[PDB]
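A short worksheet on the structure shown next.
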Amino acid sequence: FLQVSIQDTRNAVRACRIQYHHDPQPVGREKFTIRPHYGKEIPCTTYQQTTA
Amino acid sequence: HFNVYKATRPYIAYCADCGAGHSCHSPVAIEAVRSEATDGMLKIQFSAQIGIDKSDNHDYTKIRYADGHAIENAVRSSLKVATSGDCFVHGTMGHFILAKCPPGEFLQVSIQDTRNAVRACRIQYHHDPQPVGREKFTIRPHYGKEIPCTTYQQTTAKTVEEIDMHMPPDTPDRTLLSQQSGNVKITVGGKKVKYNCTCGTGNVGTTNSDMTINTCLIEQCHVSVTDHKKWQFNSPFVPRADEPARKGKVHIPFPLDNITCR
Amino acid sequence: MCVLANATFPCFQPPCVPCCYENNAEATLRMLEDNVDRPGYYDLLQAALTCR
Amino acid sequence: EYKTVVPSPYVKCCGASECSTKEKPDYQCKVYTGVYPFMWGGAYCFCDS
Amino acid sequence: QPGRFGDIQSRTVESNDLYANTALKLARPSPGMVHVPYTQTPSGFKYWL
Ligand SMILES: *[C@@H]1O[C@H](CO)[C@@H](O[C@@H]2O[C@H](CO)[C@@H](O[C@@H]3O[C@H](CO)[C@@H](O)[C@H](O)[C@@H]3O)[C@H](O)[C@H]2NC(C)=O)[C@H](O)[C@H]1NC(C)=O
Ligand SMILES: *[C@@H]1O[C@H](CO)[C@@H](O[C@@H]2O[C@H](CO)[C@@H](O[C@@H]3O[C@H](CO)[C@@H](O)[C@H](O)[C@@H]3O)[C@H](O)[C@H]2NC(C)=O)[C@H](O)[C@H]1NC(C)=O
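Protein chains in written order, with the authors' numbering: chain A, 110 to 161; chain B, 5 to 266; chain C, 8 to 59; chain D, 50 to 98; chain E, 196 to 244.
Printed below as a string of structure tokens:
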């Protein structure tokens, strides 16, 4: 699942919780967790911060 | 007393990802993690030694951490070590930490900067402790047996252990070159810098004062701080200065010793 | 049983007593680095960085 | 259980170094060419290649 | 043999001589980096456990 919340004007929490099955798998042939300091450079895709 | 940590400094190493998936040189880089204790207590190793303030005095509140060839200090609070869950810090001295963590597939260590900015570093580590005995219980009961085990102790007496320290290399820095008009200035402040500018005749050597070359731009001049007054560490992420090495020794805290479990 | 160039003094009583580090940090460090292989290194370390 | 020891690298600026053999268990040593390392403040070894 | 029981052997607990065969192999560092890459077959004792 996941939930989003932030304090109100009265400093009260306002949250909404939605069911969502999240299970990412990195690009390649290995199911690693954290990028190493020695490896290859396999192309991927991601969202960018630009607002153009 | 003895205070071995007055000849040792924190250093800036390379961290694979700094908590956001990006890589940058952080002062809290994680070196090897030791987990040869039966009860399941880890021994992480910082690159910023904690428990000694900037002025080389013992302190339970300040921690020394390097920041651009200049040492600052940060409050011992906000030192959070975590995994898939959240860990409990047991001991602390110098570079080393003691912790007991829930099972997970990584761990990060992080503590606030001077400007209250988090500095983090996470390493991939498959943690899955198993209690001694024939039952995979989670927490100790109020009635059971007494089975011997081993754990890390809090004492920092003689331990018969080694860490190799070596003299830090010359750190390159380009923020000291000030090109005004056909001339350069080299900043000072206690750092005796080395330079090598191939503009005309010989312009190599060290200095302790501002200089001008007056000949060429900064595209050839270089600065390398040659701080040579304290051992740092023998780490694979930091280069070496002499071909046959120099090396040194300093004991590690928290030796392994026998206790009993329930 | 430590050695300093041509000194050959006992490690328990270094010739820099007292405050070997404060008087000269670099000299103390280079003296210590030359006795890593000696069995009496730790006594020299205990004596070099101890002064009140 | 064993414990691998990795001493700090010796990056030689504007020159070259030769491999030296030693009597250590499972010792390994090699020399690479064309390195241009980087540090936080900048990149040393003024020579490019 | 590497990776199995007895990859490293010592004649006695205090004996100085050591025999190690764990397929330690060095690799070329990535451009613009200082890390000394290496690869090594995991411990045979921890596997035998
Ligand atoms: C300061 O920086 C300059 C930048 O050039 C360094 O000059 C370089 O010095 C090396 C070593 O003497 C030269 O390598 C030599 O190359 C010749 C081939 O020309 C070769 O036959 C020699 O055996 C040697 O390998 C290098 O060429 C030279 N750079 C240039 C552009 O010629 C200088 O060494 C630096 N000084 C200090 C104190 O760091
Ligand atoms: C937890 O306790 C066990 C048992 O007391 C420790 O194992 C024992 O450790 C001692 C260390 O003095 C060993 O003694 C040695 O014996 C050899 C035999 O020749 C002698 O030459 C040495 O000088 C030394 O005295 C002993 O063999 C060993 N095993 C036993 C008693 O079965 C263990 O070390 C303890 N865990 C720690 C301290 O972390």
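We put the CB at the ideal spot given by N, CA and C, even for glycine.
Inset, instruction - Consider the C-beta atom of E/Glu209 and the heavy atoms of ligand 2; say whether any pair is separated by less than 8 Å. - result: yes
Inset, instruction - Say whether chain E places a C-beta atom closer than 9 Å to the C-beta of A/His146. - result: yes
Legend entry - Separation of D/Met88 from B/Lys251, as counted between CA atoms: 22 Å
Inset, instruction - Tell me, please, whether the CB atom of B/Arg250 is closer than 9 Å to any CB atom in chain C? - result: yes
Legend entry - the segment 14 to 28 of chain B / the segment 131 to 141 of chain B touching (three or more Cβ pairs under 8 Å): no
Inset, instruction - Would you verify that the beta carbon of B/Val229 is, or is not, closer than 9 Å to some beta carbon of chain E? - result: At a cut-off of 9 Å between C-beta atoms, B/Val229 does not count as an interface residue with respect to chain E.
Inset, instruction - Mind reading off the beta-carbon distance from B/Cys125 to B/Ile34? Whole number of angstroms is fine, and I expect it under 8 Å. - result: 5 Å
Inset, instruction - Taking 9 Å as the cut-off, decide whether the C-beta atoms of B/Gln53 and B/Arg68 are in contact. - result: yes
Legend entry - Within-9 Å CB hit, residue 12 of chain D to chain B: Since the first residue of chain D shown is 50 and the last is 98, residue 12 of chain D is not available in this structure.
Legend entry - D/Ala65 versus D/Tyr76, D/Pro56, D/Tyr81, residue with shortest Cα-Cα distance: D/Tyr81
Legend entry - Residue-level contact to chain E via CB, B/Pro31, 9 Å cutoff: no
Legend entry - Cross-chain neighbours of E/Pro232 in chain A, by beta carbon under 7 Å: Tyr147
Inset, instruction - Give a yes or no on whether 9 Å exceeds the smallest Cβ distance from D/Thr53 to chain E. - result: yes
Inset, instruction - Report, in whole angstroms, the separation of the C-beta atoms of B/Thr118 and B/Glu76, which I expect to be a contact under 8 Å. - result: Their Cβ separation, rounded to whole angstroms, is 5 Å, which keeps B/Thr118 and B/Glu76 in contact under 8 Å.
Inset, instruction - Pick out whichever of E/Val208, E/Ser205, E/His230 has its Cα sitting closest to the Cα of B/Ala17. - result: E/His230
Legend entry - Per-residue contacts from B/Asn7 into chain C (C-beta, under 9 Å): Here the neighbours are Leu56, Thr57.
Inset, instruction - State the DSSP-derived secondary structure class of B/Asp63, mapped to helix, strand or coil. - result: strand
Inset, instruction - Could you list the residues in the segment 202 to 232 of chain B with a C-beta less than 9 Å from some C-beta on chain C, going in chain order? - result: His232
Inset, instruction - Can you tell me which of the three DSSP states C/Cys27 falls into? - result: helix
Inset, instruction - Would you be able to state if there are at least three C-beta pairs under 8 Å between the segment 171 to 181 of chain B and the segment 146 to 155 of chain B? - result: no
Inset, instruction - Following the continuous alpha helix (DSSP H) through C/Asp50, name the residue where it begins and the one where it ends. - result: 48 to 55
Inset, instruction - Please state if the CB of B/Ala86 and the CB of B/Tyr156 are separated by a distance shorter than 9 Å. - result: no
Inset, instruction - At 8 Å on the CB atoms, spell out the chain C contacts of B/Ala86, in chain order. - result: Here the premise fails: no neighbours, minimum Cβ distance about 36 Å.
Legend entry - Close beta carbons around D/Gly83, own chain, < 6 Å, minus the five adjacent residues each side: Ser98
Legend entry - Residues from the segment 73 to 97 of chain D in contact with chain E, defined by Cβ distance under 7 Å: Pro74, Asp75, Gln77, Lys79, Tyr81, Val84, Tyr85, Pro86, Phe87
Legend entry - C-alpha gap between E/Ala222 and D/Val60, whole angstroms: Their backbone Cα atoms lie some 15 Å apart in a straight line.
Inset, instruction - Measuring only between beta-carbons, confirm whether E/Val208 sits less than 9 Å from chain D. - result: Chain D contact via Cβ: absent.
Legend entry - Rounded Cβ spacing between E/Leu213 and D/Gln77 (contact assumed at less than 8 Å): With 8 Å as the limit, E/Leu213 and D/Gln77 do not qualify as a contact, their Cβ atoms being about 15 Å apart.
Inset, instruction - Note down, in chain order, all residues in the segment 84 to 116 of chain B with a beta-carbon under 8 Å from any beta-carbon belonging to chain A. - result: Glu109, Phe110
Inset, instruction - For the alpha helix (DSSP H) containing E/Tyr242, list its first residue and its last residue. - result: 239 to 243
Inset, instruction - May I ask you to check if the CB of B/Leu260 is nearer than 8 Å to at least one heavy atom of ligand 2? - result: yes
Legend entry - Status (buried if at least 16 other CB within 10 Å, exposed otherwise) for B/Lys162: exposed
Inset, instruction - Select from B/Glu223, B/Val229, B/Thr205, B/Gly204 the residue whose C-alpha is nearest the C-alpha of B/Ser213. - result: B/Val229
Legend entry - Beta-carbon separation (whole angstroms), B/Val93 vs B/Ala103, contact threshold 8 Å: 6 Å
Legend entry - Rounded C-alpha distance that separates B/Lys233 from C/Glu40: So the two alpha carbons sit approximately 13 Å from each other.
Inset, instruction - For A/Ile127, decide whether its Cβ has a neighbour in chain B, counting only Cβ atoms nearer than 9 Å. - result: no
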